[PDB]
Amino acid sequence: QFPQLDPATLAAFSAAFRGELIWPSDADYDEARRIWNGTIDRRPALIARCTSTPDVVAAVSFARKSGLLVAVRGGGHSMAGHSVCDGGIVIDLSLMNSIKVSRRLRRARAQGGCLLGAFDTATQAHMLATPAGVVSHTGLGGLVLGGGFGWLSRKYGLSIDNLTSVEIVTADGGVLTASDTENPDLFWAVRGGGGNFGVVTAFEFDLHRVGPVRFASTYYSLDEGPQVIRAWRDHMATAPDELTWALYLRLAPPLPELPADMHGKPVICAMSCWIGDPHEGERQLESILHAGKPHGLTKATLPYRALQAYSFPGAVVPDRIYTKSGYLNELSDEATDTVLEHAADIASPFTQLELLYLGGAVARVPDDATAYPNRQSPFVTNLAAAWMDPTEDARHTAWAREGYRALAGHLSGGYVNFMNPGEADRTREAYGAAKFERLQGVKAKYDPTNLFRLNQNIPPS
């Protein structure tokens, strides 16, 4: 956190940089360096809060010239802690949050530091939307570069399936456009290849008209887990793209809609929505709500912005997290029993074992069309441990590790955006050999010195 810093380079950077600099002696340093995964505590030499593409160019050049370890930060949600470094520079894009939306063209151009809810607000101003993740304060930047999935994905694909171009600052300080017509090698790689290839200062998306959505959330007792999970797995194998249905095994929240004797006990929280006519939606959801006895059932017809803002209603933001995730091509009865066994052991009220079903529009894109791997595996499991007290890290981490080990033979690949700080070696497996090889060649062209290595990293060559 105290490297040299040639005064002339530094003075060149300062005069070229219009944003804010934050040094270790500054009052806002400690708040500035905190990211969502509170287990990651690192002290950068410097935090540069960029406010424009020229700022990012200055910060990249300054980092390269000074040999500072480069962290890039969009929303700070890295489950691996990638967006803060010890002793280097954080290129922090959090003030670059502008969105321009054309209603006529159904287009959005969004800066690299945007939060999901800010983008959703902007597009919903015109009844428009495009897929992103389900928690409003996640960053658009990291989420999109890894792929990006949420409520609209079965219908409209990953975030990267609606991305048409990026403005990107490469390690040599160049500003490039990448799209289907301009640097398409780079455009393939940023659709899935993370922050490996440079800093994206603007993303352009095609939008869709999305009016109110019929939604339901309910809880089932763990008693009924086998029949609920079998009903879910079997229904989704043939469900219309319009239906999304996700299971979250957790301790029941102390909420008035739930009976007192369920509070704090493991349950299955099922959330579902219908993207399309809300009357059809009401019939479709009613037909999946009764696979177990529903408790705490909430049904609403929501603007899409409000469905985006809904996940997940709790009283405190978890400070500490640890995740282990993989895909499955199929969810066998043995895998289902394992999931339920490990959910009965959840300790924290903030922990969830997520069972997600993608497929739909995500699976109809050709494997090779982007860097995102595993389109053909429909199931995603995520053992997402979350808690508050740092003296309990081992008990929570052990829960995620042991549930994963017990499943791992059934799992393949892994979403880069769900990797934990210890999973740097999962990168080849996540991508597979063919994608990994093509990603390396693009890395050798655009970032041959690996200036961008705080990511699920692809070494060049």
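Take the two forms, find the largest set of C-alpha atoms that superpose within 1.5 Å, and that set is the rigid core. Don't overthink the numbering: it's just position in the shown sequence, from 1.
Averaged over structures and residues, the CA distance from the shown form in 6 other deposited structures of this protein after a core fit is larger for 308 to 316, of the two stretches 254 to 262 and 308 to 316. Of the two segments examined, 439 to 447 and 8 to 16, it is 8 to 16 that shows the higher average Cα temperature factor in the deposited entry.
Stretches 291 to 299 and 349 to 357 differ in mean C-alpha B factor, with the higher average recorded for 291 to 299. The PDB entry gives the largest Cα B-factor of the residues 120, 180, 280, 389 to 389. In the PDB entry, the Cα temperature factor peaks, among 242, 92, 261, 206, at 261. The PDB entry assigns residue 105 a C-alpha temperature factor belonging to the middle third of its chain's modelled residues. In the PDB entry, residue 397 places in the middle third of its chain by CA B-factor. Among all modelled residues in its chain, residue 382 ranks in the middle third by Cα B-factor.
The entry lists a Cα temperature factor for residue 233 that places it in the middle third of the chain's modelled residues. When the modelled residues of the chain are ordered by their C-alpha B factor, residue 147 lands in the lowest third.
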